[PDB]
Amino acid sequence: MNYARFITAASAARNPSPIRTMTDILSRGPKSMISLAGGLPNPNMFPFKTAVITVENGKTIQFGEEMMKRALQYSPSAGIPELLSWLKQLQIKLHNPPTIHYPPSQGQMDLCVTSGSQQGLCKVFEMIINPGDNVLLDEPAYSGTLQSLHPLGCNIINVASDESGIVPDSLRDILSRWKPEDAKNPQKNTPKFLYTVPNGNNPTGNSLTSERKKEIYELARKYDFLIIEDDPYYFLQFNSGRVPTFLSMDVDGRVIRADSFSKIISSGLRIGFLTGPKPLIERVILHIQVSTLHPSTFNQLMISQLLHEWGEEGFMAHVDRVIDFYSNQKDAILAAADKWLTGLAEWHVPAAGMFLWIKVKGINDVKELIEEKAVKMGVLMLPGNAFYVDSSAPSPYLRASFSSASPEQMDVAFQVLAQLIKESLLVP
């Protein structure tokens, strides 16, 4: 398995910056080192000098003068080394991927810090996708991936999904149009990858089971395609005992995993990370180098100090508090839906994340109900249309986030929704 067939010609031709070239030789020379190489602003001319950041149940984070100069300066494209090594150990403890000690050419596990998991996904899609390429995913899907994929000119093949995510039988039936050996022939145009959000899918709230992940992985080996495991709700699972990830079962080095801090630590800091085969991670870093140069040094240092002070134990205690809060929010939205929506709509318990996916019983298109009537009433939800490749098609579905509204706000919101649905159903 070579990574060359998956990547575009343009991604393969990317070269490191002349500084990244010098940085290699910097560690091959003496300790004296005088540098006249970079266009770095002088660290003594920065207007910010020190910083103190308070942490609820934790040590205050402090950036003294020297740390502040580093925080305000350019840093490596792949991320600061202390955050990279901490995240690498986190992945090993959580997923123990088979690829850890593989040689680099065979897809050795590598990591890079990205400006949210959105940047990681975007760079992955751009590295892989040629116009006309086949890609697999289950609809409804995250609108940010659909809007990333759409300008790339790929053919998006929808794979059926139910309460337990992707239905492996649907994937098996779709793949039966090709023969396994067609993956070795580029004119056969076999799928490049399967994209999935395995825990609390945006927008469904549905999660894949361990058994289905094993079945999906075996179909990925058979037809030799990559798996893009976009897991930002990994640390927001409501089920007791986490399900193994695709990364944990990645014997082939065919999994690219996107992780985010947006849902558990901070969304505004724009900090995520990508885990996958070293040749593919290297291509992503090179693209990052010409786009954003690197993720914010300041925000990485903040997170790194918080993570190092917490330890694996303090980080896990924070996720427990987060899961407990969202689990109560999930119960509150479910109680509001039971009280006002029973008989008018279909839904079930989300397995992870922050969304409730509701199907309105006798309405073909919910877009006018949500975009017009509900807006005039002071209630904001997302119509299902936003989560399909064909967003112009009518949708009976709506996405309701339970992340921030109070139980009483959920009650009033669903009372308004029920009233508007009933009014629309009574029109002959």
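One-based numbering along the sequence shown.
> Given the B-factors recorded for C-alpha atoms, which segment has the greater mean, 97-105 or 253-261?
Higher mean C-alpha B-factor: 97-105.
> Quick check: 143-151 versus 234-242, which has the larger average CA B-factor in the record?
Looking at the record's C-alpha B-factors, the answer is 234-242.
> Whose C-alpha has the highest temperature factor in the PDB entry: 283, 88, 330, 222?
When the deposited C-alpha B-factors of 283, 88, 330, 222 are compared, 222 is largest.
> Kindly indicate the residue among 359, 69, 28, 399 with the greatest C-alpha B-factor in the PDB record.
Comparing C-alpha B-factors across 359, 69, 28, 399, the top value belongs to 28.
> C-alpha B factor of residue 126, ranked within the chain: lowest, middle or highest third?
According to the entry, residue 126 has a C-alpha B-factor in the chain's lowest third.
> When the deposited Cα B-factors of this chain's modelled residues are ordered and cut into thirds, is residue 178 in the lowest, the middle or the highest one?
Highest third, going by the recorded CA B-factors of the chain.
> Sorting by Cα B-factor within the chain, modelled residues only, which third would residue 120 end up in: lowest, middle or highest?
Lowest third - that is where residue 120 ends up once the chain's C-alpha B-factors are sorted.
> Would you check the entry's CA temperature factor for residue 316 and let me know if it's in the chain's lowest, middle or highest third?
Highest third of the chain for residue 316's C-alpha B-factor.
> Can you tell me which third, lowest, middle or highest, the CA B-factor of residue 192 falls into for its chain?
It belongs to the middle third of the chain when residues are ordered by C-alpha B-factor.
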